[PDB]
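Report on the structure given below.
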Amino acid sequence: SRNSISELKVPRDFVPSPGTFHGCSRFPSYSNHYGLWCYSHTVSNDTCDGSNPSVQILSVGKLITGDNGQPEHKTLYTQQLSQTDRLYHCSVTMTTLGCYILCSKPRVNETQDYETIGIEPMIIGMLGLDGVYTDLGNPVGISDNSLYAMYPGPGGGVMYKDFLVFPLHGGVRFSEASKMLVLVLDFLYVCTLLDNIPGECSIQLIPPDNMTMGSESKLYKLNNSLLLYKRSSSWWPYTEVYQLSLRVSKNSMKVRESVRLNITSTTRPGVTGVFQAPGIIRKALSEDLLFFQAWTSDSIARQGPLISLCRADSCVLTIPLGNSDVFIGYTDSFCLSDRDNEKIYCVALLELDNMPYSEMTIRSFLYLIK
Amino acid sequence: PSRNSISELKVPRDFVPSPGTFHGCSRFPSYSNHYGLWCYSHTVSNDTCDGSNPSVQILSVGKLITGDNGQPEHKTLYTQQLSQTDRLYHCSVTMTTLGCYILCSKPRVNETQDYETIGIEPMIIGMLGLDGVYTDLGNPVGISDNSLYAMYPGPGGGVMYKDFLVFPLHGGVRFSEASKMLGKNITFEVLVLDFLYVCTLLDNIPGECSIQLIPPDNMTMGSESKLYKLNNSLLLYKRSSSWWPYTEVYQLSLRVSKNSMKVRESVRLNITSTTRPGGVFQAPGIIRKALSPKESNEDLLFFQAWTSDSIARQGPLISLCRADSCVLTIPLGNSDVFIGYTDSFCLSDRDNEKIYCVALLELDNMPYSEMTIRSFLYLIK
Ligand SMILES: *[C@@H]1O[C@H](CO)[C@@H](O)[C@H](O)[C@H]1NC(C)=O
Ligand SMILES: *[C@@H]1O[C@H](CO)[C@@H](O)[C@H](O)[C@H]1NC(C)=O
Ligand SMILES: *[C@@H]1O[C@H](CO)[C@@H](O)[C@H](O)[C@H]1NC(C)=O
Ligand SMILES: *[C@@H]1O[C@H](CO)[C@@H](O)[C@H](O)[C@H]1NC(C)=O
Ligand SMILES: *[C@@H]1O[C@H](CO)[C@@H](O)[C@H](O)[C@H]1NC(C)=O
Ligand SMILES: *[C@@H]1O[C@H](CO)[C@@H](O)[C@H](O)[C@H]1NC(C)=O
Ligand SMILES: *[C@@H]1O[C@H](CO)[C@@H](O)[C@H](O)[C@H]1NC(C)=O
Ligand SMILES: *[C@@H]1O[C@H](CO)[C@@H](O)[C@H](O)[C@H]1NC(C)=O
Ligand SMILES: *[C@@H]1O[C@H](CO)[C@@H](O)[C@H](O)[C@H]1NC(C)=O
Ligand SMILES: *[C@@H]1O[C@H](CO)[C@@H](O)[C@H](O)[C@H]1NC(C)=O
Ligand SMILES: [Ca+2]
Ligand SMILES: [Ca+2]
């Protein structure tokens, strides 16, 4: 590594625009598998808060080495899912067969859902590398009486040891949660990816011992270990990343424990939270943690959005994005490594204020760290 | 023909590229298509696109395909970024069978300072071919130093008229020199008038290029402009430079010769359906011209994304209009919804009773940057 970070022109953004004058897009969801990637977000009209029906956009493509050796996201196929009464809540996971998407289609707002036993309807689908979208129907493995609510993402899932894994968070009664082990907790949706159809799908509860209340989340796969980023939904002020240790068997993956990384380099502005998921370049494995993050700083020295390259306890590089009036909403980042060391590219997916045209829009941006 | 139905369509893939960086702005859409070939271009700077920062120019060529549901789709084949210039680019593009030709001014000073100094600011002409090669054709030949104080093309696009490559211009010429060019004394100091850049396209290289003055008798002061070719006649849309409130479109009658194209007269079409706010460049897409401008304009049909500041309609509008009235109007929002420069063009489907119109809109991008451009698609059935 070196002490250098700069922005690069992205001539062709792989993130599609809302597609109409008053359209808004929210909730970027990204997943890449080696050189293949999948991107998804939710599109509604005027406002993206659930008061209007929405659709989901799903893109798969591949990485090419464009001008100057920087990576480029080449879109191969795009699919729009059917309209839903309110918001989509989706998580995507890229595989060699294509992109799998897990979504919740709420008919009511979040508060009304958590007060009623039973989860809102869900779908799981797949966009193949041949551009064909297959609706795999209702995700199998969901018990009615046990669960009050269940939402995937918005972060992406990962492929772990031939297992299809999605991040979830939902409401489970204390009695039913203790059995598995109304509370709000963090879950994994674990499927076996035998052929083209997922099988042996179940909801695994993550041990909430060292964790905050369940929240919007993202999965990582690093050095054959699972990490979980969580939107801070509690008084805990620091970016939350948990190390997950599993116990794998044939057609069985359960979460044994969840260890919170001691991150104090970046914080949330609250003295709720915002989903601002980092791009993890180097895992901890047990001071070596290095990550890239687009976050909102409320410090006295820096008020406003920042692009940072940070260790667990400190940030080594920071790019101010503007004054406190520059709004960024949800953010998700990921970094692509160059086999030749000492060159790192990170992409920042940013929700941007789009008023008075519509609530929000998403764009991506490219940063070089040398 | 037409009926009372217009609706918007999702543009899954916008052929208009985004500024490409967080604080980037893009301004001054310029578009041109030739049969199934199209060319698009705009100006890109950092933070602000007013000349206070260096800028580059983005240039795209592509082809039209029949996308999902039978609607037209803009497939980009190649994109080119020109070298950085100290201030703004002022560019006009013209799509041909060989590719896209771009004519630009690279001013080193602001517009007021330029019109006070004899001589035009530096200019370039280049071509982006259908083979993806960008060729820098150098300084446009045919521009006289001592006569002209300023010369700016576009931002509207040019046309291919017979074998001539034609670009819209506007610039500053001294009264004596303008009367010479016109042949007659001008009838009501540096005057601001409207010009054409006319070249013969001998093979791959334009030749015998000159600046032609448009007879300003029936016209307002020169301004940002756009060329059209309809029923083998040239039309000129002009940004309003006067108290005259209506969208200005002029009919041009030419006199063609070997290596010579001169403008014989410029007739203002009597358009009263739309007006300019305040001017702002909001150029319409003209679907059907008048078979005889001096006889009537009842056949004129056009599509326009414009700002209405009337008391009855305040805010941006999408309109399908005759010369004297608009038959369909889509409100884009309240008066707080800003659109800047505008350019539209329509693609008709003869078989079906369906017309597609694309609106290129400057949109406010604060506080990220000054401006951004997006395209939007409308179906008229
Ligand atoms: C979308 O929202 C805009 C205002 O943001 C409104 O004018 C328009 O009618 C809406 N369209 C639909 C289909 O609801
Ligand atoms: C959710 O919907 C219920 C239904 O009436 C309403 O009472 C409640 O205020 C809503 N909550 C939010 C946060 O909008
Ligand atoms: C984290 O949680 C696991 C089980 O939930 C527990 O074994 C461990 O002691 C906790 N603290 C750590 C790993 O630092
Ligand atoms: C977490 O890191 C901070 C950084 O200085 C340190 O002060 C604190 O003791 C650490 N916590 C633990 C449990 O080691
Ligand atoms: C672009 O503008 C931003 C603020 O608007 C400024 O911080 C940055 O240095 C500028 N970049 C260049 C290359 O001028
Ligand atoms: C334009 O440039 C001149 C020359 O420096 C300067 O005096 C003037 O203030 C600038 N702005 C104008 C003329 O609006
Ligand atoms: C044309 O105008 C100039 C200056 O106003 C004048 O000196 C000249 O005599 C005029 N010529 C004719 C033919 O009107
Ligand atoms: C002005 O318009 C009239 C008819 O409207 C036309 O006869 C005349 O030639 C025009 N003048 C010029 C200089 O084009
Ligand atoms: C050409 O003129 C004819 C008759 O005046 C008219 O029907 C037709 O629409 C015109 N074509 C265009 C492209 O305006
Ligand atoms: C233009 O046409 C309108 C009728 O649509 C008429 O009222 C107006 O006087 C005309 N203007 C001119 C200059 O002939
Ligand atoms: Ca419920
Ligand atoms: Ca000058």
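For the structure tokens, the naming scheme is as follows: chains receive sequential letters (A, B, ...) according to their order of presentation, residues are indexed from 1 within each chain, and ligands are indexed from 1 in presentation order.
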
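The list of residues with at least one atom within 10 Å of residue 290 (chain A), based on only C-alpha atoms and without residues fewer than 3 positions apart in the same chain, reads residues 278, 279, 280, 281, 282, 283, 284, 287, 309, 310, 311, 312, 313, 314, 315 and 316 of chain A.
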
Test item: residues lying within 12 Å of ligand 8 with only C-alpha atoms and all ligand atoms, as a short mmCIF file (atom, residue, chain, number, x, y, z; two decimals) with C-alpha atoms, in the first residue's frame:
data_model
loop_
_atom_site.label_atom_id
_atom_site.label_comp_id
_atom_site.auth_asym_id
_atom_site.auth_seq_id
_atom_site.Cartn_x
_atom_site.Cartn_y
_atom_site.Cartn_z
CA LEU B 182 -25.01 40.49 -46.98
CA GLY B 183 -24.56 42.41 -50.23
CA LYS B 184 -26.84 45.15 -48.87
CA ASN B 185 -26.64 47.61 -46.02
CA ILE B 186 -28.18 46.15 -42.88
CA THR B 187 -31.44 47.79 -41.80
CA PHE B 188 -32.99 48.24 -38.35
CA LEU B 213 -24.34 35.05 -42.87
CA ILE B 214 -28.10 34.57 -42.50
CA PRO B 215 -30.15 37.61 -43.65
CA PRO B 216 -31.20 39.13 -40.31
CA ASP B 217 -34.06 41.22 -41.75
CA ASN B 218 -36.82 39.14 -40.11
CA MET B 219 -34.68 37.85 -37.23
CA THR B 220 -33.71 38.82 -33.70
CA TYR B 250 -36.96 30.35 -38.98
CA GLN B 251 -37.43 28.86 -42.43
CA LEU B 252 -34.26 29.10 -44.52
CA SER B 253 -34.23 29.26 -48.32
CA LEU B 254 -30.85 28.57 -49.90
CA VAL B 263 -28.74 31.72 -47.60
CA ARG B 264 -31.32 33.56 -49.70
CA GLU B 265 -33.79 34.48 -46.95
CA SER B 266 -34.88 33.66 -43.40
CA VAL B 267 -38.62 33.66 -42.64
CA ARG B 268 -39.89 33.49 -39.06
CA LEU B 269 -42.61 30.88 -38.66
CA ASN B 270 -45.61 32.27 -36.76
CA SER B 292 -45.38 26.52 -47.48
CA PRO B 293 -44.28 28.84 -44.65
CA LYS B 294 -45.56 32.05 -46.27
CA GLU B 295 -48.94 30.41 -46.96
CA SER B 296 -49.83 28.82 -43.61
#

| said: Using only C-alpha atoms, I'd like every residue of chain B that has an atom within 6 Å of chain A; please write them out as a list in words. | reply: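 Selected residues: residues 10, 11, 12, 20, 21, 337 and 367 of chain B.
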
When you look at residue 89 (chain A) with a cut-off of 9 Å (counting only C-alpha atoms), what residues show up, excluding the ones that are within fewer than 6 positions of it in the same chain? I need them as a tab-separated table (two decimals) with N, CA and C atoms, in the first residue's frame.
chain	number	residue	atom	x	y	z
A	27	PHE	N	-31.68	1.69	-2.02
A	27	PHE	CA	-31.27	0.38	-1.50
A	27	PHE	C	-30.36	-0.36	-2.48
A	41	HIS	N	-31.48	-2.69	-7.20
A	41	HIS	CA	-32.06	-1.67	-6.34
A	41	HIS	C	-33.55	-1.60	-6.62
A	42	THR	N	-34.23	-0.80	-5.80
A	42	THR	CA	-35.68	-0.68	-5.78
A	42	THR	C	-36.09	0.63	-6.43
A	56	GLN	N	-38.30	-3.85	-8.75
A	56	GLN	CA	-36.91	-4.14	-8.43
A	56	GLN	C	-36.13	-4.32	-9.73
A	102	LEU	N	-33.19	-12.66	-3.13
A	102	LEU	CA	-34.15	-12.94	-2.08
A	102	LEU	C	-34.80	-11.62	-1.66
A	103	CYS	N	-36.13	-11.56	-1.70
A	103	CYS	CA	-36.84	-10.32	-1.45
A	103	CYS	C	-38.03	-10.52	-0.53
A	104	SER	N	-38.31	-9.48	0.24
A	104	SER	CA	-39.55	-9.34	0.99
A	104	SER	C	-40.44	-8.32	0.27
A	105	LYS	N	-41.74	-8.62	0.19
A	105	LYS	CA	-42.72	-7.77	-0.48
A	105	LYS	C	-43.77	-7.30	0.52
A	106	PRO	N	-43.40	-6.38	1.42
A	106	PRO	CA	-44.31	-6.00	2.51
A	106	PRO	C	-45.61	-5.37	2.00
A	151	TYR	N	-36.69	-9.69	6.95
A	151	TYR	CA	-36.28	-8.84	5.84
A	151	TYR	C	-34.85	-9.17	5.43
A	152	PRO	N	-34.60	-9.43	4.15
A	152	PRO	CA	-33.23	-9.66	3.69
A	152	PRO	C	-32.53	-8.37	3.30
A	153	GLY	N	-31.21	-8.39	3.40
A	153	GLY	CA	-30.38	-7.31	2.92
A	153	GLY	C	-30.45	-6.06	3.77
A	154	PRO	N	-30.27	-4.89	3.14
A	154	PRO	CA	-30.12	-4.69	1.69
A	154	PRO	C	-28.77	-5.14	1.13

| task | List the neighbours of residue 261 (chain A) out to 12 Å using only C-alpha atoms; skip same-chain residues closer than 4 positions along the sequence, and give me the result as a ChimeraX atom specification. | result | /A:210-211,227-230,238-244,265,283-290,311-313

Taking N, CA, C and O atoms for each residue, export the selection above as an mmCIF file, in the first residue's frame.
data_model
loop_
_atom_site.group_PDB
_atom_site.id
_atom_site.type_symbol
_atom_site.label_atom_id
_atom_site.label_comp_id
_atom_site.auth_asym_id
_atom_site.auth_seq_id
_atom_site.Cartn_x
_atom_site.Cartn_y
_atom_site.Cartn_z
ATOM 1 N N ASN A 210 -22.905 -11.084 21.504
ATOM 2 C CA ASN A 210 -22.021 -9.929 21.433
ATOM 3 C C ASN A 210 -22.524 -8.880 20.449
ATOM 4 O O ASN A 210 -21.742 -8.030 20.009
ATOM 5 N N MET A 211 -23.808 -8.911 20.101
ATOM 6 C CA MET A 211 -24.331 -8.110 19.007
ATOM 7 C C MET A 211 -25.387 -7.128 19.493
ATOM 8 O O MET A 211 -25.937 -7.257 20.589
ATOM 9 N N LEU A 227 -18.066 -12.525 7.435
ATOM 10 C CA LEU A 227 -18.199 -11.289 8.186
ATOM 11 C C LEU A 227 -19.585 -10.717 7.934
ATOM 12 O O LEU A 227 -20.204 -10.989 6.900
ATOM 13 N N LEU A 228 -20.078 -9.938 8.895
ATOM 14 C CA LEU A 228 -21.401 -9.330 8.809
ATOM 15 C C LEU A 228 -21.299 -7.858 9.175
ATOM 16 O O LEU A 228 -20.891 -7.522 10.292
ATOM 17 N N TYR A 229 -21.654 -6.982 8.241
ATOM 18 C CA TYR A 229 -21.821 -5.575 8.570
ATOM 19 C C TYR A 229 -23.265 -5.325 8.978
ATOM 20 O O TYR A 229 -24.197 -5.867 8.373
ATOM 21 N N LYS A 230 -23.449 -4.500 10.000
ATOM 22 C CA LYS A 230 -24.782 -4.196 10.497
ATOM 23 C C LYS A 230 -24.956 -2.691 10.624
ATOM 24 O O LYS A 230 -24.083 -1.996 11.155
ATOM 25 N N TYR A 238 -20.318 3.071 16.926
ATOM 26 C CA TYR A 238 -19.270 2.734 15.974
ATOM 27 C C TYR A 238 -19.779 1.771 14.908
ATOM 28 O O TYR A 238 -20.699 0.984 15.145
ATOM 29 N N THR A 239 -19.170 1.849 13.724
ATOM 30 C CA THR A 239 -19.450 0.890 12.662
ATOM 31 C C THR A 239 -19.301 -0.533 13.188
ATOM 32 O O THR A 239 -18.268 -0.890 13.760
ATOM 33 N N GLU A 240 -20.335 -1.349 12.985
ATOM 34 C CA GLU A 240 -20.394 -2.697 13.538
ATOM 35 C C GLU A 240 -20.063 -3.719 12.459
ATOM 36 O O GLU A 240 -20.779 -3.827 11.457
ATOM 37 N N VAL A 241 -18.996 -4.480 12.673
ATOM 38 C CA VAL A 241 -18.654 -5.609 11.819
ATOM 39 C C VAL A 241 -18.399 -6.814 12.710
ATOM 40 O O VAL A 241 -17.584 -6.746 13.638
ATOM 41 N N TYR A 242 -19.098 -7.909 12.436
ATOM 42 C CA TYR A 242 -18.985 -9.122 13.229
ATOM 43 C C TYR A 242 -18.295 -10.211 12.422
ATOM 44 O O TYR A 242 -18.532 -10.358 11.218
ATOM 45 N N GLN A 243 -17.415 -10.949 13.090
ATOM 46 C CA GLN A 243 -16.811 -12.143 12.522
ATOM 47 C C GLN A 243 -17.684 -13.336 12.884
ATOM 48 O O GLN A 243 -18.028 -13.525 14.055
ATOM 49 N N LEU A 244 -18.056 -14.126 11.884
ATOM 50 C CA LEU A 244 -18.937 -15.268 12.081
ATOM 51 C C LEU A 244 -18.143 -16.559 11.950
ATOM 52 O O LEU A 244 -17.449 -16.773 10.949
ATOM 53 N N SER A 265 -12.778 3.519 14.182
ATOM 54 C CA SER A 265 -12.289 4.511 13.230
ATOM 55 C C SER A 265 -13.423 5.352 12.657
ATOM 56 O O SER A 265 -13.268 6.565 12.477
ATOM 57 N N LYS A 283 -9.017 -8.651 6.067
ATOM 58 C CA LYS A 283 -9.743 -9.043 7.261
ATOM 59 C C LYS A 283 -8.832 -8.993 8.486
ATOM 60 O O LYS A 283 -7.617 -8.800 8.389
ATOM 61 N N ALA A 284 -9.439 -9.179 9.659
ATOM 62 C CA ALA A 284 -8.663 -9.188 10.892
ATOM 63 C C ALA A 284 -8.053 -10.556 11.160
ATOM 64 O O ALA A 284 -6.913 -10.648 11.630
ATOM 65 N N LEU A 285 -8.787 -11.627 10.868
ATOM 66 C CA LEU A 285 -8.365 -13.010 11.029
ATOM 67 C C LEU A 285 -8.408 -13.438 12.496
ATOM 68 O O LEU A 285 -8.339 -14.637 12.773
ATOM 69 N N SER A 286 -8.513 -12.508 13.441
ATOM 70 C CA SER A 286 -8.551 -12.836 14.862
ATOM 71 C C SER A 286 -9.292 -11.763 15.656
ATOM 72 O O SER A 286 -10.378 -11.330 15.270
ATOM 73 N N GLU A 287 -5.561 -5.388 14.114
ATOM 74 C CA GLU A 287 -4.731 -4.285 13.646
ATOM 75 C C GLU A 287 -4.535 -4.361 12.136
ATOM 76 O O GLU A 287 -4.211 -3.365 11.490
ATOM 77 N N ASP A 288 -4.740 -5.553 11.580
ATOM 78 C CA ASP A 288 -4.594 -5.773 10.148
ATOM 79 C C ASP A 288 -5.855 -5.438 9.363
ATOM 80 O O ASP A 288 -5.798 -5.365 8.131
ATOM 81 N N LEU A 289 -6.983 -5.235 10.040
ATOM 82 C CA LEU A 289 -8.220 -4.893 9.352
ATOM 83 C C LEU A 289 -8.053 -3.596 8.569
ATOM 84 O O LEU A 289 -7.627 -2.575 9.115
ATOM 85 N N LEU A 290 -8.389 -3.638 7.283
ATOM 86 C CA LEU A 290 -8.363 -2.450 6.441
ATOM 87 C C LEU A 290 -9.631 -2.432 5.604
ATOM 88 O O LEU A 290 -9.972 -3.439 4.975
ATOM 89 N N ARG A 311 -8.112 1.743 9.143
ATOM 90 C CA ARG A 311 -7.852 0.566 9.948
ATOM 91 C C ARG A 311 -8.948 0.450 11.005
ATOM 92 O O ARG A 311 -9.848 1.288 11.091
ATOM 93 N N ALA A 312 -8.870 -0.595 11.829
ATOM 94 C CA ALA A 312 -9.905 -0.809 12.837
ATOM 95 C C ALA A 312 -10.058 0.402 13.750
ATOM 96 O O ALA A 312 -11.179 0.778 14.113
ATOM 97 N N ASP A 313 -8.948 1.030 14.126
ATOM 98 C CA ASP A 313 -8.963 2.085 15.129
ATOM 99 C C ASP A 313 -8.632 3.465 14.577
ATOM 100 O O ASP A 313 -8.646 4.438 15.341
#

| request: Just the residues within 7 Å of residue 75 (chain B), please, counting only C-alpha atoms, with nothing from its chain fewer than 3 positions along; format it as a list in words. | output: residues 62, 63, 64 and 65 of chain B

| query | For residue 97 (chain A), which residue among A:38, A:63, A:117, A:58 is the nearest when counting only C-alpha atoms? | reply |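 Of A:38, A:63, A:117, A:58, the one nearest residue 97 (chain A), counting only C-alpha atoms, is A:38.
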
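Selection of all polymer residues within 8 Å of ligand 11 on the basis of only C-alpha atoms and all ligand atoms gives residues 112, 113, 114, 115, 116, 117, 118, 119, 120, 147, 148 and 149 of chain A.
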
Selection from above, N, CA and C atoms, as an mmCIF file, in the first residue's frame, can you write it?
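Written file, part_0.cif:
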data_model
loop_
_atom_site.group_PDB
_atom_site.id
_atom_site.type_symbol
_atom_site.label_atom_id
_atom_site.label_comp_id
_atom_site.auth_asym_id
_atom_site.auth_seq_id
_atom_site.Cartn_x
_atom_site.Cartn_y
_atom_site.Cartn_z
ATOM 1 N N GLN A 112 -46.228 -2.008 11.582
ATOM 2 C CA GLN A 112 -47.391 -2.887 11.551
ATOM 3 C C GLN A 112 -46.989 -4.340 11.330
ATOM 4 N N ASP A 113 -45.881 -4.577 10.625
ATOM 5 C CA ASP A 113 -45.447 -5.945 10.362
ATOM 6 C C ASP A 113 -44.947 -6.623 11.633
ATOM 7 N N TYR A 114 -44.137 -5.916 12.425
ATOM 8 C CA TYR A 114 -43.578 -6.484 13.646
ATOM 9 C C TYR A 114 -44.619 -6.685 14.743
ATOM 10 N N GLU A 115 -45.799 -6.077 14.623
ATOM 11 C CA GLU A 115 -46.860 -6.269 15.604
ATOM 12 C C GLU A 115 -47.764 -7.449 15.282
ATOM 13 N N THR A 116 -47.611 -8.057 14.110
ATOM 14 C CA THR A 116 -48.483 -9.122 13.640
ATOM 15 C C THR A 116 -47.664 -10.388 13.426
ATOM 16 N N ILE A 117 -48.097 -11.488 14.041
ATOM 17 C CA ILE A 117 -47.399 -12.749 13.842
ATOM 18 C C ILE A 117 -47.508 -13.161 12.381
ATOM 19 N N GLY A 118 -46.408 -13.675 11.838
ATOM 20 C CA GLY A 118 -46.343 -14.031 10.435
ATOM 21 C C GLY A 118 -45.554 -13.015 9.635
ATOM 22 N N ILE A 119 -44.744 -13.491 8.716
ATOM 23 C CA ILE A 119 -43.894 -12.628 7.910
ATOM 24 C C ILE A 119 -44.616 -12.270 6.621
ATOM 25 N N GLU A 120 -44.314 -11.077 6.108
ATOM 26 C CA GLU A 120 -44.858 -10.636 4.837
ATOM 27 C C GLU A 120 -44.332 -11.502 3.691
ATOM 28 N N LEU A 147 -42.247 -16.711 13.539
ATOM 29 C CA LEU A 147 -41.654 -15.462 13.075
ATOM 30 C C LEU A 147 -42.705 -14.374 12.875
ATOM 31 N N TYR A 148 -42.375 -13.159 13.320
ATOM 32 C CA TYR A 148 -43.222 -11.978 13.178
ATOM 33 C C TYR A 148 -42.855 -11.115 11.983
ATOM 34 N N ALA A 149 -41.600 -11.165 11.551
ATOM 35 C CA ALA A 149 -41.115 -10.337 10.462
ATOM 36 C C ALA A 149 -39.769 -10.886 10.016
#

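What separates CA of residue 205 (chain A) from CA of residue 188 (chain A) is a distance of 6.4 Å.
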
| message | Can you work out which residues are within 7 Å of ligand 4, considering only C-alpha atoms and all ligand atoms, and then hand them over as a count of residues only? | response | 4

| request: Identify, counting only C-alpha atoms and all ligand atoms, the protein, DNA and RNA residues located within 12 Å of ligand 6, and give them as a list in words. | output: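 The neighbouring residues of ligand 6 are, in order, residues 50, 51, 52, 107, 108, 109, 110, 111, 112, 113, 114, 115, 116 and 117 of chain B.
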
Kindly provide the residues of chain A that approach ligand 3 to within 8 Å, each paired with its closest atom pair and their distance in Å to one decimal, based on only C-alpha atoms and all ligand atoms, listed by chain and increasing number, as a tab-separated table.
residue	atom	partner	partner_atom_place_in_ligand_line	distance
A:207	CA	ligand 3	5 (O)	5.0
A:208	CA	ligand 3	5 (O)	6.5
A:209	CA	ligand 3	5 (O)	4.6
A:210	CA	ligand 3	1 (C)	4.9
A:256	CA	ligand 3	4 (C)	6.6
A:257	CA	ligand 3	4 (C)	3.9
A:258	CA	ligand 3	2 (O)	5.1
A:259	CA	ligand 3	1 (C)	4.6
A:260	CA	ligand 3	14 (O)	7.1

For the selection you just gave me, I'd like the residues written to a file as a short mmCIF file (atom, residue, chain, number, x, y, z; two decimals), in the first residue's frame, keeping N, CA and C atoms.
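File result30.cif, as written:
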data_model
loop_
_atom_site.label_atom_id
_atom_site.label_comp_id
_atom_site.auth_asym_id
_atom_site.auth_seq_id
_atom_site.Cartn_x
_atom_site.Cartn_y
_atom_site.Cartn_z
N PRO A 207 -26.06 -15.92 16.87
CA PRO A 207 -26.07 -15.73 18.32
C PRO A 207 -25.93 -14.26 18.68
N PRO A 208 -26.98 -13.66 19.24
CA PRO A 208 -26.97 -12.22 19.52
C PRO A 208 -26.16 -11.82 20.75
N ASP A 209 -25.32 -12.73 21.25
CA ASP A 209 -24.63 -12.50 22.51
C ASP A 209 -23.80 -11.22 22.48
N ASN A 210 -22.91 -11.08 21.50
CA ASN A 210 -22.02 -9.93 21.43
C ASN A 210 -22.52 -8.88 20.45
N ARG A 256 -22.20 -20.72 15.06
CA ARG A 256 -21.77 -21.06 16.41
C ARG A 256 -21.57 -19.83 17.29
N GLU A 257 -20.95 -18.78 16.76
CA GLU A 257 -20.78 -17.56 17.53
C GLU A 257 -20.48 -16.40 16.58
N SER A 258 -20.67 -15.19 17.10
CA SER A 258 -20.48 -13.96 16.35
C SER A 258 -19.62 -13.01 17.18
N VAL A 259 -18.44 -12.67 16.67
CA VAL A 259 -17.46 -11.86 17.38
C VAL A 259 -17.47 -10.47 16.77
N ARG A 260 -17.71 -9.46 17.60
CA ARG A 260 -17.72 -8.08 17.13
C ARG A 260 -16.30 -7.57 16.96
#

| said: as a list in words, please: every protein or nucleic acid residue near ligand 10 (cut-off 7 Å, counting only C-alpha atoms and all ligand atoms). | reply: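 If we count only C-alpha atoms and all ligand atoms, the neighbours of ligand 10 turn out to be residues 270, 271, 272, 323 and 324 of chain B.
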
| said: Taking only region 68-247 of chain B into account, list the residues labelled alpha helix (DSSP H) by DSSP (computed from the backbone), as a PyMOL selection string. | reply: chain B and resi 111-115+175-182

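In this comparison, which uses only C-alpha atoms and all ligand atoms, the residue of A:360, A:129, A:349, A:246 approaching ligand 1 most closely is A:360.
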